[PDB]
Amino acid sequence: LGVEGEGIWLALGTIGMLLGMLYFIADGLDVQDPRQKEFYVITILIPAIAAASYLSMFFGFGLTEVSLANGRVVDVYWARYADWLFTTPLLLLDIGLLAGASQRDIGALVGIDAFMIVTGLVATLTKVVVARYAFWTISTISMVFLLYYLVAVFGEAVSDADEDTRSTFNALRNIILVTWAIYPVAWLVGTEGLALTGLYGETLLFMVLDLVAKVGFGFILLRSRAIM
């Protein structure tokens, strides 16, 4: 149920993540090759983690209240950030391995990703209004950098690969660009920021984004000839 009806999206999110996970598992049963197997392992682990995170939220674990200096009280699902701290580096690993990026480049993006998620958690938890928006601005700046780097650095890495790999990379890159860019906007319009929509709407929006970014992304990756 949740605080303001948002439990329905928490439940549907749990289910959607679980089904993606099982589909991926079903799909990888015959995989023998180590590189290919690796893509399965990372891509199954992603919605496992998101499914468990969603379920914990559905049950109200991982839900806090933050009282701002405003007097405003904000209903903060902080378990999302726990989810994000691990699933976003894994997503970056997934596409970096696809791109054939070096270990040092993947590590650089993982470092900037972690920075983005943690500064976003500070934005979400801080009581001081100006600090909320300062950290949201820090985190978004880091996001813009991360995305530019994904395009330029992973794009360069993938440029000497075969056409199947370049086309799959471009698809996955565009999923990241479009869906990841919406998260900070969603934070800003939802209850953590300007409150233009309430918790129910914000929770719906993240559920859709997460599902696209994990199960949609995973679907496109795992069905590609590029990983075989």
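In case it trips you up, residue 1 is the first one in the sequence shown, and so on.
Peer 1: For the C-alpha atoms alone, is the average B factor greater in 143-151 or in 113-121, going by the entry?
Peer 2: It is 143-151 that shows the higher mean C-alpha B-factor.
Peer 1: Comparing average C-alpha B factors as deposited, tell me which of 100-108 and 86-94 sits higher.
Peer 2: Going by the record's values, the stretch with the higher mean is 100-108.
Peer 1: Report the option among 207, 11, 215, 25 whose CA atom has the maximum B-factor in the deposited record.
Peer 2: In this record, 207 carries the highest C-alpha B-factor of the candidates.
Peer 1: Tell me, please, which of 176, 45, 69, 55 has the highest C-alpha B factor according to the deposited entry?
Peer 2: In this record, 69 carries the highest C-alpha B-factor of the candidates.
Peer 1: Lowest, middle or highest third: where is residue 180 by Cα B-factor in its chain?
Peer 2: Its C-alpha B-factor, which the entry lists for residue 180, ranks in the lowest third among residues of this chain.
Peer 1: Looking at the C-alpha B-factor of residue 171, is it in the lowest, middle or highest third of its chain?
Peer 2: Tercile = middle for this residue's CA B-factor.
Peer 1: Please say which third, lowest, middle or highest, residue 199 falls into when its CA temperature factor is compared across its chain.
Peer 2: Residue 199: CA B-factor falls in the highest third of its chain.
Peer 1: Which third of the chain does residue 134 land in by C-alpha B-factor: lowest, middle or highest?
Peer 2: As the PDB entry reports it, the C-alpha B-factor of residue 134 lands in the lowest third of its chain.
Peer 1: Quick one: classify residue 41 as lowest, middle or highest third of the chain based on its Cα B-factor.
Peer 2: Within its chain, residue 41 is a lowest-third residue by C-alpha B-factor, going by the deposited values.
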